[PDB]
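Chemist:
Residue numbers (the entry's author numbering), protein chains in the order written: chain A, 9 to 216; chain B, 9 to 216.
#1: Quick one: which unbroken alpha helix (DSSP H) runs of 4-plus residues sit fully inside the segment 12-60 of chain B? Chain order, please.
#2: So within the segment 179-209 of chain A, which uninterrupted alpha helix (DSSP H) runs reach at least 4 residues, ignoring any that extend past its ends?
#3: Terminal residues of the continuous beta strand (DSSP E) containing residue 77 of chain B?
#4: Given that residue 210 of chain B touches chain A, what residues does it touch there, using C-beta distances under 7 Å?
#5: In angstroms with no decimal places, state the Cα-to-Cα distance between residue 128 of chain B and residue 120 of chain B.
#6: Check the Cβ of residue 161 of chain A against every Cβ in chain B and list those closer than 7 Å, keeping chain order.
#7: Grab me the residues of residue 107 of chain A's own chain with a C-beta within less than 6 Å of its C-beta, minus the 5 sequence neighbours each way, in chain order.
#8: Please check if any C-beta of chain B sits within less than 7 Å of the C-beta of residue 43 of chain A.
#9: From what residue to what residue does the alpha helix (DSSP H) around residue 103 of chain B run?
#10: According to the Cβ coordinates, are residue 11 of chain A and residue 152 of chain A closer than 7 Å?
#11: Do the segment 157-174 of chain A and the segment 160-173 of chain B make contact, defined as three or more Cβ pairs closer than 8 Å?
#12: What residue range does the beta strand (DSSP E) around residue 147 of chain A cover?
#13: For chain A, check one thing: does any of its Cβ atoms lie closer than 7 Å to the Cβ of residue 124 of chain B?
#14: Hey, how far is the Cα of residue 186 of chain A from the Cα of residue 202 of chain A?
#15: Between which two residues does the beta strand (DSSP E) holding residue 139 of chain A run?
#16: Chain A beta carbons: is any one of them nearer than 7 Å to that of residue 104 of chain B?
#17: Does the pairing of the segment 125-144 of chain B with the segment 174-190 of chain B give three or more beta-carbon distances under 8 Å?
#18: Identify which residue in A:75, A:83, A:18 and A:22 has its Cα closest to the Cα of residue 160 of chain A.
#19: Taking residue 66 of chain A as the reference, which of A:60, A:78, A:82 and A:46 has the closest Cα?
Pasting the structure below:
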């Protein structure tokens with residue numbers, strides 16, 4: 009299947025550092041679940057394009073992707089009566105993700121209520137930012153979310169693997185240039201300090 | 009898309025440590041190529057099952073899998089006039105892989121010559137162990153190789169990522185305490201040189 013990949017190199021901007029988040033899975037609390045996920049939020053610098061990736065921590069192959077561009081954003085702006093520009097939208101989204109971290113908000117992943125007569129749609133989920141209230145819970149933003157197809161998933165997990173390997177290389181080489189200190193400084197310490205243990209005996213004969 | 013996955017837990021045995029290998033891609037040297045690959049060789053302990061995985065170093069999503077079980081092994085034994093048991097076969101394959109490492113042998117990945125009128129097959133390649141000779145090159149073993157389907161590739165790359173994460177956590181957690189330890193223990197100079205620099209002067213002053 010087809011899905012937007014954020015393969016834009018240096019133009020990819022992390023709008024928020026990747027974090028672990030407790031996410032709600034679906035509507036009815038008797039049939040729902042709360043799972044530990046990993047959220048990745050990034051945009052493109054040269055064009056209006058935002059992608060939010062949600063992975064289940066236990067199996068990052070379980071990926072849910074939300075991609076909103078200019079047109080999509082216009083549809084969202086109309087449907088949800090948003091009073092912001094694309095940049096202000098990004099600001100709001102970031103802010104709300106941080107609120108979901110602090111617990112001020114809750115991130116939900118709701119199955120879209122589908123049936124045979126409503127035709128067919130690409131997005132089978134909604135990524136919702138919900139405020140728990142004592143009168144009625146309030147949904148601040150509802151984004152069309154998709155179950156990532158294998159090609160895209162494989163792209164992100166492969167990329168993550170490569171990044172992990174590069175990081176391991178940087179770590180082990182940052183250890184390697186430092187690993188000379190552990191073989192030089194203790195060899196300068198435990199073997200050459202004996203000239204001090206024997207110097208006191210030299211001082212002993214001329215101590216009076 | 010189906011392919012055998014070595015998801016047999018502790019029963020999975022590395023018959024050979026994962027290594028980098030230069031592999032030949034296809035027959036006619038005017039249309040062939042030589043690429044750096046990573047070879048993974050593993051078997052199951054409780055049943056006769058061998059899998060060789062070949063990934064292109066530059067992109068491990070490019071995966072070629074050879075899976076041999078009992079029946080398959082009987083077919084190879086007949087067709088190639090092999091005079092060994094399954095265990096002895098595993099021994100020979102390991103030996104030959106080591107020889108490919110040393111340069112005594114060459115590992116080829118040859119496209120099977122297909123056309124519309126021939127019987128359709130799942131395996132579109134041959135993993136061949138070729139001995140370069142001055143009379144005529146000799147092919148010691150020819151295994152039916154398959155181009156790994158997405159599901160399987162995603163399984164192995166995801167697995168590799170998880171293992172990589174475990175390795176990173178173990179590495180940096182074992183590294184940080186020594187990065188502080190070298191900063192506490194390097195002072196051993198300034199800690200013992202007061203006992204050294206003033207005692208050299210005491211010894212200079214007593215026999216002055």
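For every residue, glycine included, the Cβ atom is placed at its ideal position computed from N, Cα and C.
Modeler: Reading from the atomic positions:
#1: DSSP runs (the alpha helix (DSSP H)) wholly in the segment 12-60 of chain B: none.
#2: Here the runs fully enclosed are 187-197 and 202-205.
#3: 67-77 is the extent of the beta strand (DSSP E) around residue 77 of chain B.
#4: At a C-beta separation below 7 Å, residue 210 of chain B has these neighbours in chain A: 211.
#5: One C-alpha to the other measures close to 11 Å.
#6: The CB of residue 161 of chain A comes closer than 7 Å to the CB of 162 in chain B, given here in chain order.
#7: Excluding sequence neighbours, residue 107 of chain A sits near 113.
#8: Residue 43 of chain A is outside the set of residues whose beta carbon lies under 7 Å from a beta carbon in chain B.
#9: First-last of the alpha helix (DSSP H) with residue 103 of chain B: 94-110.
#10: No, the Cβ-Cβ distance between residue 11 of chain A and residue 152 of chain A is not below 7 Å.
#11: They touch, by the three-pair rule.
#12: Membership of residue 147 of chain A in the beta strand (DSSP E) is indicated by the continuous run 146-155.
#13: Any Cβ of chain A closer than 7 Å to the Cβ of residue 124 of chain B would place that residue at the interface, and such an atom is absent.
#14: When rounded, the distance between both Cα atoms is 26 Å.
#15: Counting along the chain, the beta strand (DSSP E) containing residue 139 of chain A begins and ends at 133-139.
#16: So, not an interface residue.
#17: Cβ pair count under 8 Å is below three, so no.
#18: Distances from the alpha-carbon of residue 160 of chain A to those of A:75, A:83, A:18 and A:22 put A:75 closest.
#19: Cα-wise, what sits closest to residue 66 of chain A is A:46.
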